[PDB]
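What follows is one chain in structure tokens, specifically the form deposited in one PDB entry.
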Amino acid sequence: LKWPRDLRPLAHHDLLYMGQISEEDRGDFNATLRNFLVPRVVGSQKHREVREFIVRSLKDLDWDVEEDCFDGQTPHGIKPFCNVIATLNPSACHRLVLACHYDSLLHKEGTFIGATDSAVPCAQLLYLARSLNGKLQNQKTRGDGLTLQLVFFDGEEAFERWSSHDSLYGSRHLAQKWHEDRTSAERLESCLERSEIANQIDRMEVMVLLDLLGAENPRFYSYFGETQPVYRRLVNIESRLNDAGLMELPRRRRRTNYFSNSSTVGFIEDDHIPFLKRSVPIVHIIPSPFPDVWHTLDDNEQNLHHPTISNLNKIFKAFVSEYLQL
């Protein structure tokens, strides 16, 4: 079966524009990122400050921002959790959903920054909203039934040994909440003709989950046949950015090959799982293998690879531009 939305290839002009980076753009991204490069364990003041920063940043851009807050039992007793959901146009029937987690792992060996996991993804989502604001606010006026939604999940990480009960606290909560929140096409703005809408989950047209980004030379694969048409757009955009010479490489005549034109057989548990179980199409932008620094005290700012981050930002900007026809 074909993708429900006809995917119009990005015009050359728009590809080039979205693949342009400046000293002020790098500076802007890095300033955003600084806010996330702090320990932010569930229950901590810094976690609260990060949550408030996400909310303020998106409210300042005139997005609708909701906090899905709840208390949940954990192996460390009751803990507070708050997912942050920002929606550009709440009324639009369908959402392109970009997501990541904003909590950091409580590491027994010491203070853990989780720079790739997932400070960089968090910053990338805010950077997209900021850098594309003009075009997004214009798109919102079209009445086309599509919008952008950003979800910053809380409580992705386990408190002790990962288990079905000790992990994915925010995403399990939100998926259940949205599944139980009934709605219909008649109550929504401009749903696609062949749409089956019974609850809020059904409005998530695709969820693109970013995780463990910021290390050098990530390798992505298509994890879900259901979203192959969307994944292939990422492959194509990356190829075109390379053709245009807009990727940062250590030497001339090299190309990035982050999005492998293949699928892989690998099972990764992450925030997409509760949504996948409710039929939400998933694109999982997570490297395989994981960064070498994964869950070590070395997952810090200096182990990030800035040229890679810049290249990913270009791919993501171009992807959002293509999907929303910005």
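Throughout, we count residues from 1 along the sequence that is shown.
As for the form deposited with a small molecule bound, it is not shown, yet the points below apply to it.
Q: At 4.5 angstroms, heavy atoms only, are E156, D211 and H295 all close to the small molecule in the deposited bound form?
A: Contact check passed for all of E156, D211 and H295.
Q: Indicate whether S288 is a 4.5 Å heavy atom neighbour of the small molecule in the deposited bound form.
A: Answer yes; at least one heavy atom of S288 falls within 4.5 Å of the small molecule in the deposited bound form.
Q: Hey, in the deposited bound form, is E269 touching the small molecule, heavy atoms inside 4.5 Å?
A: Looking in the deposited bound form, residue contacts with the small molecule include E269, since a heavy atom lies within 4.5 Å.
Q: Using a 4.5 Å heavy atom cut-off, which stretch among 56-64, 274-282, 260-268, 37-45 contacts the small molecule in the deposited bound form?
A: The contacting stretch here is 260-268.
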